[PDB]
file protein_15.pdb (PDB, C-alpha atoms and all ligand atoms)
ATOM      1  CA  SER N 968     -54.549 -22.425 -37.073
ATOM      2  CA  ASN N 969     -51.157 -22.977 -38.676
ATOM      3  CA  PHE N 970     -52.518 -23.886 -42.140
ATOM      4  CA  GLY N 971     -49.192 -25.634 -42.708
ATOM      5  CA  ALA N 972     -47.132 -22.618 -41.655
ATOM      6  CA  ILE N 973     -44.541 -22.762 -38.889
ATOM      7  CA  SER N 974     -46.485 -20.389 -36.614
ATOM      8  CA  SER N 975     -50.044 -19.196 -36.074
ATOM      9  CA  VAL N 976     -49.001 -15.594 -35.310
ATOM     10  CA  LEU N 977     -47.600 -13.373 -38.052
ATOM     11  CA  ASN N 978     -45.490 -11.378 -35.582
ATOM     12  CA  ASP N 979     -43.266 -14.414 -35.023
ATOM     13  CA  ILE N 980     -42.972 -14.809 -38.794
ATOM     14  CA  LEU N 981     -41.781 -11.237 -39.287
ATOM     15  CA  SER N 982     -39.557 -11.170 -36.187
ATOM     16  CA  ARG N 983     -37.874 -14.554 -36.756
ATOM     17  CA  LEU N 984     -37.491 -15.216 -40.490
ATOM     18  CA  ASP N 985     -35.567 -13.183 -43.017
ATOM     19  CA  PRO N 986     -37.810 -10.973 -45.204
ATOM     20  CA  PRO N 987     -37.206 -12.711 -48.556
ATOM     21  CA  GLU N 988     -38.304 -16.173 -47.340
ATOM     22  CA  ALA N 989     -41.189 -15.350 -44.974
ATOM     23  CA  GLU N 990     -43.507 -14.765 -47.943
ATOM     24  CA  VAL N 991     -44.359 -18.467 -48.224
ATOM     25  CA  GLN N 992     -45.615 -18.694 -44.640
ATOM     26  CA  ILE N 993     -47.381 -15.340 -44.916
ATOM     27  CA  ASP N 994     -49.103 -16.478 -48.115
ATOM     28  CA  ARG N 995     -50.261 -19.748 -46.550
ATOM     29  CA  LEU N 996     -51.734 -17.875 -43.584
ATOM     30  CA  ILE N 997     -53.377 -15.344 -45.910
ATOM     31  CA  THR N 998     -54.960 -18.093 -48.008
ATOM     32  CA  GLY N 999     -56.344 -19.897 -44.970
ATOM     33  CA  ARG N1000     -57.783 -16.769 -43.378
ATOM     34  CA  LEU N1001     -59.266 -15.602 -46.688
ATOM     35  CA  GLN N1002     -61.032 -18.928 -47.196
ATOM     36  CA  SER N1003     -62.424 -18.788 -43.658
ATOM     37  CA  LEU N1004     -63.701 -15.246 -44.228
ATOM     38  CA  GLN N1005     -65.367 -16.266 -47.494
ATOM     39  CA  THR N1006     -67.193 -19.152 -45.832
ATOM     40  CA  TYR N1007     -68.356 -16.937 -42.966
ATOM     41  CA  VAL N1008     -69.663 -14.241 -45.321
ATOM     42  CA  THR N1009     -71.562 -16.753 -47.457
ATOM     43  CA  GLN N1010     -73.157 -18.304 -44.371
ATOM     44  CA  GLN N1011     -74.184 -14.860 -43.128
ATOM     45  CA  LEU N1012     -75.757 -14.033 -46.493
ATOM     46  CA  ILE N1013     -77.858 -17.204 -46.479
ATOM     47  CA  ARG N1014     -79.017 -16.613 -42.908
ATOM     48  CA  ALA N1015     -79.862 -12.996 -43.753
TER      49      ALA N1015
ATOM     50  CA  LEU U 533     -42.382   0.709 -17.615
ATOM     51  CA  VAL U 534     -45.060   3.245 -18.565
ATOM     52  CA  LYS U 535     -48.783   2.518 -18.649
ATOM     53  CA  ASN U 536     -52.184   3.966 -19.586
ATOM     54  CA  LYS U 537     -51.006   4.733 -23.137
ATOM     55  CA  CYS U 538     -50.958   2.934 -26.474
ATOM     56  CA  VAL U 539     -47.454   1.449 -26.390
ATOM     57  CA  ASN U 540     -45.533  -1.127 -28.413
ATOM     58  CA  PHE U 541     -44.210  -3.476 -25.734
ATOM     59  CA  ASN U 542     -41.768  -6.384 -25.512
ATOM     60  CA  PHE U 543     -41.998  -8.784 -22.547
ATOM     61  CA  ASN U 544     -39.329 -11.481 -23.004
ATOM     62  CA  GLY U 545     -40.299 -12.040 -26.624
ATOM     63  CA  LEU U 546     -43.984 -11.257 -26.034
ATOM     64  CA  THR U 547     -44.532  -8.632 -28.732
ATOM     65  CA  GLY U 548     -47.653  -6.539 -29.176
ATOM     66  CA  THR U 549     -49.301  -3.164 -28.771
ATOM     67  CA  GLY U 550     -51.886  -1.769 -26.408
ATOM     68  CA  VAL U 551     -52.526  -0.204 -23.023
ATOM     69  CA  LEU U 552     -50.915  -1.974 -20.057
ATOM     70  CA  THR U 553     -53.243  -1.037 -17.235
ATOM     71  CA  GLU U 554     -52.663  -2.144 -13.646
ATOM     72  CA  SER U 555     -55.215  -4.839 -12.811
ATOM     73  CA  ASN U 556     -55.702  -7.218  -9.886
ATOM     74  CA  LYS U 557     -56.838 -10.185 -11.950
ATOM     75  CA  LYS U 558     -55.964 -13.139  -9.706
ATOM     76  CA  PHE U 559     -53.128 -14.733  -7.748
ATOM     77  CA  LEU U 560     -51.001 -16.074 -10.619
ATOM     78  CA  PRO U 561     -48.841 -17.927  -8.050
ATOM     79  CA  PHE U 562     -46.538 -19.368 -10.720
ATOM     80  CA  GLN U 563     -48.201 -18.654 -14.077
ATOM     81  CA  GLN U 564     -46.985 -15.681 -16.099
ATOM     82  CA  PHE U 565     -49.436 -15.104 -18.948
ATOM     83  CA  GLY U 566     -53.165 -14.519 -19.015
ATOM     84  CA  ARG U 567     -55.265 -15.997 -21.803
ATOM     85  CA  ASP U 568     -58.842 -15.860 -23.056
ATOM     86  CA  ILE U 569     -61.095 -17.639 -25.555
ATOM     87  CA  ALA U 570     -58.709 -16.755 -28.383
ATOM     88  CA  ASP U 571     -54.901 -16.971 -28.411
ATOM     89  CA  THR U 572     -54.793 -13.595 -26.674
ATOM     90  CA  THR U 573     -52.139 -12.704 -24.091
ATOM     91  CA  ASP U 574     -54.662 -10.799 -22.000
ATOM     92  CA  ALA U 575     -52.507 -10.485 -18.866
ATOM     93  CA  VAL U 576     -48.731 -10.455 -18.403
ATOM     94  CA  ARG U 577     -46.483 -10.606 -15.344
ATOM     95  CA  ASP U 578     -43.508  -8.250 -15.335
ATOM     96  CA  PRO U 579     -40.032  -9.766 -15.877
ATOM     97  CA  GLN U 580     -38.186  -7.444 -13.486
ATOM     98  CA  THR U 581     -40.763  -6.998 -10.725
ATOM     99  CA  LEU U 582     -43.911  -9.075 -10.142
ATOM    100  CA  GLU U 583     -47.124  -7.283 -11.103
ATOM    101  CA  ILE U 584     -50.187  -8.287 -13.112
ATOM    102  CA  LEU U 585     -50.361  -5.939 -16.087
ATOM    103  CA  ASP U 586     -53.569  -6.143 -18.120
ATOM    104  CA  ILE U 587     -53.223  -5.727 -21.886
ATOM    105  CA  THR U 588     -56.018  -4.011 -23.794
ATOM    106  CA  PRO U 589     -55.809  -3.432 -27.567
ATOM    107  CA  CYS U 590     -55.787   0.077 -28.981
ATOM    108  CA  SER U 591     -59.031   1.657 -30.133
ATOM    109  CA  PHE U 592     -60.604   0.472 -33.383
ATOM    110  CA  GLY U 593     -63.020   2.612 -35.356
ATOM    111  CA  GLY U 594     -64.696   3.270 -38.681
ATOM    112  CA  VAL U 595     -65.128   6.688 -40.284
ATOM    113  CA  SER U 596     -68.396   7.791 -41.878
ATOM    114  CA  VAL U 597     -69.252  11.104 -43.527
ATOM    115  CA  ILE U 598     -72.642  12.745 -43.101
ATOM    116  CA  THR U 599     -73.182  14.918 -46.148
ATOM    117  CA  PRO U 600     -76.143  16.391 -48.014
ATOM    118  CA  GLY U 601     -76.147  16.026 -51.786
ATOM    119  CA  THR U 602     -73.167  17.818 -53.290
ATOM    120  CA  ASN U 603     -75.665  19.843 -55.327
ATOM    121  CA  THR U 604     -76.862  21.580 -52.157
ATOM    122  CA  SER U 605     -73.688  22.376 -50.201
ATOM    123  CA  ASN U 606     -70.199  21.103 -49.378
ATOM    124  CA  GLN U 607     -70.068  20.980 -45.568
ATOM    125  CA  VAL U 608     -69.748  17.531 -43.999
ATOM    126  CA  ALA U 609     -69.937  15.971 -40.543
ATOM    127  CA  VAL U 610     -67.483  13.227 -39.640
ATOM    128  CA  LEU U 611     -68.556  10.317 -37.438
ATOM    129  CA  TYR U 612     -66.051   8.032 -35.727
ATOM    130  CA  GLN U 613     -68.065   4.993 -34.701
ATOM    131  CA  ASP U 614     -67.513   3.388 -31.289
ATOM    132  CA  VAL U 615     -64.776   5.855 -30.319
ATOM    133  CA  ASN U 616     -64.975   7.620 -26.949
ATOM    134  CA  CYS U 617     -63.358  10.627 -28.589
ATOM    135  CA  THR U 618     -61.996  12.365 -25.556
ATOM    136  CA  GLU U 619     -58.703  11.728 -27.384
ATOM    137  CA  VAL U 620     -59.486  12.470 -31.068
TER     138      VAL U 620
ATOM    139  CA  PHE M 823     -87.143  -9.291 -21.987
ATOM    140  CA  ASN M 824     -86.370 -11.069 -18.714
ATOM    141  CA  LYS M 825     -86.928 -14.529 -20.216
ATOM    142  CA  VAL M 826     -84.212 -13.837 -22.828
ATOM    143  CA  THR M 827     -80.659 -13.929 -21.485
ATOM    144  CA  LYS M 854     -64.119  -9.445 -29.930
ATOM    145  CA  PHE M 855     -61.190  -7.056 -30.388
ATOM    146  CA  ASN M 856     -59.641  -8.307 -33.636
ATOM    147  CA  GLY M 857     -61.114  -6.090 -36.338
ATOM    148  CA  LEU M 858     -64.814  -6.815 -35.766
ATOM    149  CA  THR M 859     -67.496  -4.442 -34.492
ATOM    150  CA  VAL M 860     -71.203  -4.563 -33.678
ATOM    151  CA  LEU M 861     -73.223  -1.632 -34.953
ATOM    152  CA  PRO M 862     -76.168  -0.435 -32.849
ATOM    153  CA  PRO M 863     -79.702  -0.654 -34.249
ATOM    154  CA  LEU M 864     -81.301   2.506 -35.583
ATOM    155  CA  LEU M 865     -84.534   2.064 -33.596
ATOM    156  CA  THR M 866     -83.937   1.731 -29.864
ATOM    157  CA  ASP M 867     -86.314  -0.373 -27.784
ATOM    158  CA  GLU M 868     -88.056   2.766 -26.512
ATOM    159  CA  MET M 869     -89.222   3.661 -30.025
ATOM    160  CA  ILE M 870     -90.410   0.099 -30.657
TER     161      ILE M 870
ATOM    162  CA  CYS T 291     -57.799  11.568 -52.306
ATOM    163  CA  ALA T 292     -56.316  12.788 -49.003
ATOM    164  CA  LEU T 293     -57.123  16.510 -48.769
ATOM    165  CA  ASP T 294     -60.409  16.674 -46.836
ATOM    166  CA  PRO T 295     -63.074  14.116 -45.884
ATOM    167  CA  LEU T 296     -65.374  15.050 -48.776
ATOM    168  CA  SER T 297     -62.609  13.968 -51.150
ATOM    169  CA  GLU T 298     -62.479  10.502 -49.578
ATOM    170  CA  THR T 299     -66.220  10.149 -50.189
ATOM    171  CA  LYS T 300     -65.709  11.227 -53.801
ATOM    172  CA  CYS T 301     -62.901   8.676 -54.165
ATOM    173  CA  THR T 302     -64.898   5.813 -52.661
ATOM    174  CA  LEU T 303     -68.025   6.589 -54.682
ATOM    175  CA  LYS T 304     -65.818   6.772 -57.813
ATOM    176  CA  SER T 305     -67.674   9.867 -59.003
ATOM    177  CA  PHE T 306     -67.568  13.648 -58.792
ATOM    178  CA  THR T 307     -71.161  13.824 -57.495
ATOM    179  CA  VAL T 308     -72.206  12.326 -54.153
ATOM    180  CA  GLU T 309     -75.839  12.004 -53.125
ATOM    181  CA  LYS T 310     -77.214  12.798 -49.684
ATOM    182  CA  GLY T 311     -76.622  10.133 -47.065
ATOM    183  CA  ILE T 312     -74.006   8.349 -44.980
ATOM    184  CA  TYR T 313     -70.944   6.787 -46.603
ATOM    185  CA  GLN T 314     -68.205   4.759 -44.930
ATOM    186  CA  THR T 315     -64.714   5.564 -46.202
ATOM    187  CA  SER T 316     -61.921   4.132 -44.040
ATOM    188  CA  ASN T 317     -60.821   3.120 -40.544
ATOM    189  CA  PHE T 318     -59.460   5.050 -37.574
ATOM    190  CA  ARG T 319     -56.147   3.925 -36.088
ATOM    191  CA  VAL T 320     -54.434   4.918 -32.840
ATOM    192  CA  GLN T 321     -50.735   4.754 -33.119
ATOM    193  CA  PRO T 322     -48.253   3.564 -30.490
ATOM    194  CA  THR T 323     -45.890   6.242 -29.233
ATOM    195  CA  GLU T 324     -42.874   4.331 -27.863
ATOM    196  CA  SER T 325     -41.206   0.913 -27.749
ATOM    197  CA  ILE T 326     -41.019  -0.155 -24.094
ATOM    198  CA  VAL T 327     -38.853  -3.280 -23.796
ATOM    199  CA  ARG T 328     -38.178  -5.214 -20.585
ATOM    200  CA  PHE T 329     -35.794  -8.143 -20.068
ATOM    201  CA  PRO T 330     -34.528  -9.825 -16.889
ATOM    202  CA  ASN T 331     -31.565  -7.969 -15.412
ATOM    203  CA  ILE T 332     -29.416 -11.032 -14.659
ATOM    204  CA  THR T 333     -26.184 -10.833 -16.664
ATOM    205  CA  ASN T 334     -23.996 -13.926 -17.021
ATOM    206  CA  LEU T 335     -22.064 -14.387 -20.265
ATOM    207  CA  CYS T 336     -22.222 -18.131 -20.842
ATOM    208  CA  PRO T 337     -18.789 -19.406 -21.869
ATOM    209  CA  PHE T 338     -18.850 -19.981 -25.622
ATOM    210  CA  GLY T 339     -15.057 -20.229 -25.301
ATOM    211  CA  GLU T 340     -14.615 -23.844 -24.204
ATOM    212  CA  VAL T 341     -17.337 -24.903 -26.650
ATOM    213  CA  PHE T 342     -15.531 -23.065 -29.482
ATOM    214  CA  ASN T 343     -11.974 -22.360 -28.292
ATOM    215  CA  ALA T 344     -11.838 -26.002 -27.209
ATOM    216  CA  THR T 345      -8.975 -28.511 -27.153
ATOM    217  CA  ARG T 346     -10.575 -31.752 -28.363
ATOM    218  CA  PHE T 347     -13.910 -32.710 -29.927
ATOM    219  CA  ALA T 348     -15.530 -36.101 -29.441
ATOM    220  CA  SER T 349     -16.225 -38.765 -32.057
ATOM    221  CA  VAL T 350     -19.150 -38.727 -34.475
ATOM    222  CA  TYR T 351     -20.889 -41.711 -32.877
ATOM    223  CA  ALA T 352     -20.157 -40.151 -29.465
ATOM    224  CA  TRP T 353     -20.946 -36.534 -30.337
ATOM    225  CA  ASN T 354     -20.534 -34.075 -27.478
ATOM    226  CA  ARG T 355     -23.697 -32.510 -26.051
ATOM    227  CA  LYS T 356     -23.913 -29.339 -23.970
ATOM    228  CA  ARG T 357     -26.811 -27.430 -22.432
ATOM    229  CA  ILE T 358     -27.072 -23.639 -22.534
ATOM    230  CA  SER T 359     -29.359 -21.502 -20.363
ATOM    231  CA  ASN T 360     -29.340 -18.232 -18.409
ATOM    232  CA  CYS T 361     -27.405 -16.295 -21.038
ATOM    233  CA  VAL T 362     -26.923 -12.675 -21.964
ATOM    234  CA  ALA T 363     -25.598 -13.906 -25.296
ATOM    235  CA  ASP T 364     -23.843 -11.972 -28.063
ATOM    236  CA  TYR T 365     -24.025 -13.521 -31.535
ATOM    237  CA  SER T 366     -22.682 -10.380 -33.233
ATOM    238  CA  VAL T 367     -19.096 -11.444 -32.531
ATOM    239  CA  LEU T 368     -19.897 -14.955 -33.786
ATOM    240  CA  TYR T 369     -21.070 -13.576 -37.133
ATOM    241  CA  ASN T 370     -18.324 -10.943 -37.378
ATOM    242  CA  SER T 371     -15.470 -13.452 -37.145
ATOM    243  CA  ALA T 372     -14.589 -14.952 -40.533
ATOM    244  CA  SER T 373     -12.356 -17.707 -39.109
ATOM    245  CA  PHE T 374     -15.106 -20.277 -39.764
ATOM    246  CA  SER T 375     -15.422 -22.040 -43.104
ATOM    247  CA  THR T 376     -19.220 -22.378 -43.137
ATOM    248  CA  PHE T 377     -22.107 -20.829 -41.180
ATOM    249  CA  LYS T 378     -25.661 -21.804 -42.154
ATOM    250  CA  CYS T 379     -28.879 -21.374 -40.173
ATOM    251  CA  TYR T 380     -32.221 -23.142 -40.609
ATOM    252  CA  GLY T 381     -35.494 -21.471 -39.660
ATOM    253  CA  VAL T 382     -33.872 -18.354 -38.160
ATOM    254  CA  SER T 383     -32.281 -15.351 -39.833
ATOM    255  CA  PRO T 384     -28.639 -15.311 -38.643
ATOM    256  CA  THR T 385     -28.543 -11.509 -38.400
ATOM    257  CA  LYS T 386     -31.768 -11.444 -36.347
ATOM    258  CA  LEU T 387     -30.590 -13.888 -33.665
TER     259      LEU T 387
HETATM  260  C1  LIG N1101     -11.409 -17.371 -28.216
HETATM  261  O1  LIG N1101     -12.618 -16.966 -28.819
HETATM  262  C2  LIG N1101     -12.697 -15.541 -28.968
HETATM  263  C3  LIG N1101     -14.062 -15.241 -29.543
HETATM  264  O2  LIG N1101     -14.819 -16.431 -29.724
HETATM  265  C4  LIG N1101     -11.552 -15.009 -29.838
HETATM  266  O3  LIG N1101     -11.556 -13.591 -29.712
HETATM  267  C5  LIG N1101     -11.318 -12.902 -30.956
HETATM  268  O4  LIG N1101     -10.265 -13.491 -31.735
HETATM  269  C6  LIG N1101     -10.000 -12.806 -32.968
HETATM  270  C7  LIG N1101      -8.938 -13.603 -33.690
HETATM  271  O5  LIG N1101      -7.910 -12.762 -34.193
HETATM  272  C8  LIG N1101      -9.576 -11.369 -32.684
HETATM  273  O6  LIG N1101      -9.383 -10.682 -33.915
HETATM  274  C9  LIG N1101     -10.641 -10.664 -31.855
HETATM  275  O7  LIG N1101     -10.193  -9.362 -31.493
HETATM  276  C10 LIG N1101     -10.946 -11.464 -30.594
HETATM  277  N1  LIG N1101     -12.005 -10.828 -29.827
HETATM  278  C11 LIG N1101     -11.940 -10.647 -28.504
HETATM  279  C12 LIG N1101     -13.122  -9.973 -27.875
HETATM  280  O8  LIG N1101     -10.972 -11.011 -27.846
HETATM  281  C13 LIG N1101     -10.197 -15.540 -29.378
HETATM  282  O9  LIG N1101      -9.206 -15.258 -30.359
HETATM  283  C14 LIG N1101     -10.251 -17.043 -29.138
HETATM  284  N2  LIG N1101      -8.994 -17.520 -28.587
HETATM  285  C15 LIG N1101      -8.416 -18.662 -28.970
HETATM  286  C16 LIG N1101      -7.121 -19.002 -28.296
HETATM  287  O10 LIG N1101      -8.915 -19.390 -29.824
HETATM  288  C1  LIG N1102     -32.990  -7.150 -10.724
HETATM  289  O1  LIG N1102     -34.102  -8.040 -10.863
HETATM  290  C2  LIG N1102     -34.572  -8.569  -9.615
HETATM  291  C3  LIG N1102     -35.650  -9.574  -9.944
HETATM  292  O2  LIG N1102     -36.244 -10.102  -8.766
HETATM  293  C4  LIG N1102     -35.066  -7.429  -8.731
HETATM  294  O3  LIG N1102     -35.478  -7.953  -7.474
HETATM  295  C5  LIG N1102     -33.957  -6.406  -8.530
HETATM  296  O4  LIG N1102     -34.461  -5.280  -7.819
HETATM  297  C6  LIG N1102     -33.398  -5.945  -9.875
HETATM  298  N1  LIG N1102     -32.275  -5.042  -9.676
HETATM  299  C7  LIG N1102     -31.924  -4.103 -10.560
HETATM  300  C8  LIG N1102     -30.739  -3.263 -10.191
HETATM  301  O5  LIG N1102     -32.533  -3.941 -11.613
HETATM  302  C1  LIG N1103     -65.983   7.879 -22.145
HETATM  303  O1  LIG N1103     -64.876   8.500 -21.483
HETATM  304  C2  LIG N1103     -65.249   9.294 -20.346
HETATM  305  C3  LIG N1103     -63.983   9.939 -19.833
HETATM  306  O2  LIG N1103     -63.093   8.972 -19.294
HETATM  307  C4  LIG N1103     -65.933   8.416 -19.305
HETATM  308  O3  LIG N1103     -66.360   9.225 -18.215
HETATM  309  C5  LIG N1103     -67.127   7.701 -19.923
HETATM  310  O4  LIG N1103     -67.688   6.790 -18.985
HETATM  311  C6  LIG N1103     -66.701   6.942 -21.176
HETATM  312  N1  LIG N1103     -67.849   6.316 -21.811
HETATM  313  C7  LIG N1103     -68.248   5.070 -21.536
HETATM  314  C8  LIG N1103     -69.452   4.584 -22.284
HETATM  315  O5  LIG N1103     -67.662   4.366 -20.719
END

call {"tool": "encode", "arguments": {"input": "protein_15.pdb", "output": "structure tokens"}}
result
Amino acid sequence: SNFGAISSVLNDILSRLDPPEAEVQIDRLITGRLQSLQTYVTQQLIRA
Amino acid sequence: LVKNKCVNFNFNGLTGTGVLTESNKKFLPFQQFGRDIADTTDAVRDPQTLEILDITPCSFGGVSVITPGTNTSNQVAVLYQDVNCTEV
Amino acid sequence: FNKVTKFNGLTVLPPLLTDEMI
Amino acid sequence: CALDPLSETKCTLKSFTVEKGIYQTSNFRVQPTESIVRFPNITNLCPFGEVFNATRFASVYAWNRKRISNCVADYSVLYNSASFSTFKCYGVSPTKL
């Protein structure tokens, strides 16, 4: 999932953009993946 | 092209790491990639020649430490989980 | 048993008690 | 924290005394050894000349369009030359082209 970023794979982000401006896309991807992980962990705890 | 080792490859912009074994997956009459349930480039066709290389990611693994209480002794036993450690 | 019928940073640990012990 | 595996257990437990049992400390990584790169061997320098060293450029409402494919391109010379007034790229690092 892009989560509003230009790509769904971080390798493209590092290998295409300049370092100092790829942080925005990297941060958006990080936020999305972190939220997904949190939801999964909470669901697992309830089921456990 | 070298195979059977953990290599960082580059196939016409396809960037990744793993072992590029030689596999007879299917015909691939005109397709190049090979996908799976996720957005995984499982199989790749060579750019110079035409062969079906199979990409497998490098070995994962967690490290655990068997140890008695530090009061008793100091020797430990390391455990690498899910690692066929014929290769450390 | 008969009636009852991945590589991105996740692992499945094996149970401590194998089916033989159960 | 990196001398011997007992020290990693001490670090993770955040104490100088560790009780008997199993403790998970970190992950095991296999590292790649080389950087195999393969590209098609066809070499044909597409002629950036007539698109840059041209004679006449079309009107704004009739802007000239050209296709480019099958190129062993070299953008290093394009960046090196300072004969151009302005050079600005969107979405791609100019030095990483
Ligand atoms: C045609 O274009 C090429 C490159 O796009 C130009 O070549 C360079 O021109 C500069 C200008 O002084 C020289 O310093 C370089 O040594 C040239 N490089 C090469 C590889 O020749 C060329 O000048 C252009 N020609 C015209 C008539 O515009
Ligand atoms: C160049 O690539 C073509 C691709 O089909 C291949 O057949 C040929 O053997 C290659 N030649 C060299 C010299 O790499
Ligand atoms: C572990 O590696 C050895 C050596 O290649 C192999 O014989 C064995 O089958 C492997 N273990 C499993 C579970 O496949």

call {"tool": "interface_residues", "arguments": {"input": "protein_15.pdb", "of": "chain T", "to": "chain N", "cutoff": "9 Å", "atoms": "all atoms listed in the file", "output": "mmCIF file with C-alpha atoms, in the coordinates of the input"}}
result
data_model
loop_
_atom_site.group_PDB
_atom_site.id
_atom_site.type_symbol
_atom_site.label_atom_id
_atom_site.label_comp_id
_atom_site.auth_asym_id
_atom_site.auth_seq_id
_atom_site.Cartn_x
_atom_site.Cartn_y
_atom_site.Cartn_z
ATOM 1 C CA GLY T 381 -35.494 -21.471 -39.660
ATOM 2 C CA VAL T 382 -33.872 -18.354 -38.160
ATOM 3 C CA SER T 383 -32.281 -15.351 -39.833
ATOM 4 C CA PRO T 384 -28.639 -15.311 -38.643
ATOM 5 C CA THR T 385 -28.543 -11.509 -38.400
ATOM 6 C CA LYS T 386 -31.768 -11.444 -36.347
ATOM 7 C CA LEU T 387 -30.590 -13.888 -33.665
#

call {"tool": "resolve_selection", "arguments": {"input": "protein_15.pdb", "expression": "the PyMOL selection byres (((not hetatm)) within 12 of (chain N and resi 1102))", "output": "NGL selection string"}}
result
(:U and (578-583)) or (:T and (328-333))

call {"tool": "residues_near_ligand", "arguments": {"input": "protein_15.pdb", "ligand": "ligand LIG 1103 (chain N)", "cutoff": "8 Å", "atoms": "only C-alpha atoms and all ligand atoms", "output": "number ranges by chain"}}
result
U: 616-618

call {"tool": "resolve_selection", "arguments": {"input": "protein_15.pdb", "expression": "the PyMOL selection byres ((chain U) within 7 of (chain T))", "output": "ChimeraX atom specification"}}
result
/U:533,538-544,579-580,590-602,608

call {"tool": "resolve_selection", "arguments": {"input": "protein_15.pdb", "expression": "the PyMOL selection byres (((chain U and resi 575) around 7) and not hetatm)", "output": "list in words"}}
result
residues 565, 566, 567, 573, 574, 576, 577, 584, 585, 586 and 587 of chain U

call {"tool": "residues_near_ligand", "arguments": {"input": "protein_15.pdb", "ligand": "ligand LIG 1101 (chain N)", "cutoff": "9 Å", "atoms": "only C-alpha atoms and all ligand atoms", "output": "list in words"}}
result
residues 338, 339, 340, 342, 343, 344, 367, 368, 371, 372 and 373 of chain T

call {"tool": "closest_residue", "arguments": {"input": "protein_15.pdb", "among": "U:568, U:547, U:611, U:603", "to": "chain N", "atoms": "all atoms listed in the file"}}
result
U:547

call {"tool": "axis_aligned_box", "arguments": {"input": "protein_15.pdb", "around": "range 551-563 of chain U", "padding_each_side": "4 Å", "output": "lines of an AutoDock Vina configuration file"}}
result
center_x = -51.7
center_y = -9.8
center_z = -15.4
size_x = 18.3
size_y = 27.2
size_z = 23.3

call {"tool": "closest_residue", "arguments": {"input": "protein_15.pdb", "among": "U:554, U:614, U:571, U:619", "to": "residue 858 in chain M", "atoms": "all atoms listed in the file"}}
result
U:614

call {"tool": "residues_around", "arguments": {"input": "protein_15.pdb", "residues": "residue 1003 in chain N", "least_positions_apart": "6", "cutoff": "12 Å", "atoms": "only C-alpha atoms", "output": "PyMOL selection string"}}
result
chain N and resi 968+970+996-997+1009-1010

call {"tool": "atom_distance", "arguments": {"input": "protein_15.pdb", "atom1": "CA of residue 301 in chain T", "atom2": "CA of residue 1004 in chain N"}}
result
25.9 Å

call {"tool": "closest_atom_pairs", "arguments": {"input": "protein_15.pdb", "of": "chain M", "to": "chain U", "cutoff": "9 Å", "atoms": "all atoms listed in the file", "output": "Markdown table"}}
result
| residue | atom | partner | partner_atom | distance |
| --- | --- | --- | --- | --- |
| M:855 | CA | U:589 | CA | 7.1 |
| M:856 | CA | U:589 | CA | 8.7 |
| M:857 | CA | U:592 | CA | 7.2 |
| M:858 | CA | U:592 | CA | 8.7 |
| M:859 | CA | U:593 | CA | 8.4 |
| M:861 | CA | U:613 | CA | 8.4 |

call {"tool": "atom_distance", "arguments": {"input": "protein_15.pdb", "atom1": "CA of residue 972 in chain N", "atom2": "CA of residue 550 in chain U"}}
result
26.3 Å
